[PDB]
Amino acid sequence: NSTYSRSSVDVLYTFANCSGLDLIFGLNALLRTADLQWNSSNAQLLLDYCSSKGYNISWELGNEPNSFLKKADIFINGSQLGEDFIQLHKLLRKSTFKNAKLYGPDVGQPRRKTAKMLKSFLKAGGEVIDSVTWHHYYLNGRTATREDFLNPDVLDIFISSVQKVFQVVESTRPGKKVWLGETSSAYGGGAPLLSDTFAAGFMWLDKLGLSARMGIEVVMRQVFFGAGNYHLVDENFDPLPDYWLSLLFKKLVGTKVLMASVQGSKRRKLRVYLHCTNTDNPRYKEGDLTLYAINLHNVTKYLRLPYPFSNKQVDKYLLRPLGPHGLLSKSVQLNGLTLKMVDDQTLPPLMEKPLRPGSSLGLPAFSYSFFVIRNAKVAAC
């Protein structure tokens, strides 16, 4: 255990608010009443200060509760945690906003043990939560290799984790919204010289692809800044290729999710995803489509847009490594232009290449790219 300060809270909040971010704060679940019931006193204090300060903040309780026993030699069944969540819910409603949110229970991924705990928790506590949170990592960082990052079989395991979660949630709280609460490439602080590279982007972009297509409403990346190799921003506050990928995604990809698929249909290496174009982007209209694609082949592939889209004008946003280290590189170029900050207060333009109208979509070996179909005029979008 360690103690933290009001000083810590103020900074953490201010950083969220000045960054245009809704902070969610996880609370300590291992503080316990003699009978193994959750003592609410520390949070109560913290809630009051935050009430005192007028901070609009959202809350979680516990982390990886499936692991308390190995992690602290205290076993809490879900029911118990469910009661505990009800108590937390009592407290937030009594306090200043009370139209403020609560999520949980942040259990690790579908494990045959972890499903039991989540099910029992959603029976008891499914009622108070505004979203369901789980975690996912692909590999153990200490033993993760470079081929893994390029292995479509590794990517696809993610799907059964997802199917298994919705299997549990539909049994208890259908219509309840599901969130990837903490997630990444490799656990144990990341795979060294892999989790912080261009190669990490095959996993991250596919994770966002699969999640959007399978009903995950929010995906929370471990981490933005920190010790772990899986940071979006490094030790010296430099953006890593995942940060540049993540920017591009937010600016280009919409909330309305669609579907694309390959007519070939055998090899697992050409992954494609389709959303409405993020309307907010000043370059586009509504009705335009945003296609993102990963190529895990060791040669270039050229995609053909289908009727009646075969003859439309397309902006291409191709990402490839900045050498000499290639896929293990920590710099990345967009359409052949290295991406860097202009200075410490200013991001550069992300510039497209307007493609030819009717041209097929070149996607080179081990690359990922976005393509915005301009003048698509789709009605759902």
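We number the residues from 1 along the sequence you see. Take the two forms, superpose them, and find the largest set of C-alpha atoms that agree within 1.5 Å; that set is the rigid core.
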Using the rigid core for superposition, please say which stretch has the greater CA deviation in 6 other deposited structures of this protein, 105-113 or 151-159. 105-113
Which segment is farther from the shown form on average in 6 other deposited structures of this protein after a rigid core fit, 235-243 or 94-102, going by CA atoms? 94-102
So which stretch wins on mean C-alpha B-factor, 139-147 or 70-78? 70-78
So 314-322 or 56-64, which one's hotter by mean CA B-factor in the entry? 56-64
Residue of maximum C-alpha B factor among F225, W179, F97, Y187, per deposited coordinates: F97
At the C-alpha atoms, which of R221, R268, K251, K285 reaches the highest B-factor in this entry? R268
Third of the chain's Cα B-factor distribution that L88 belongs to, per the entry: highest
In terms of the chain's CA B-factor thirds, is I24 lowest, middle or highest? middle
Where does the C-alpha B-factor of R304 rank in its chain, lowest, middle or highest third? middle
Place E170 in the lowest, middle or highest third of its chain's C-alpha B-factors, as listed in the PDB entry. middle
Name the third of the chain's ranked CA B-factors that contains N335, choosing lowest, middle or highest. lowest
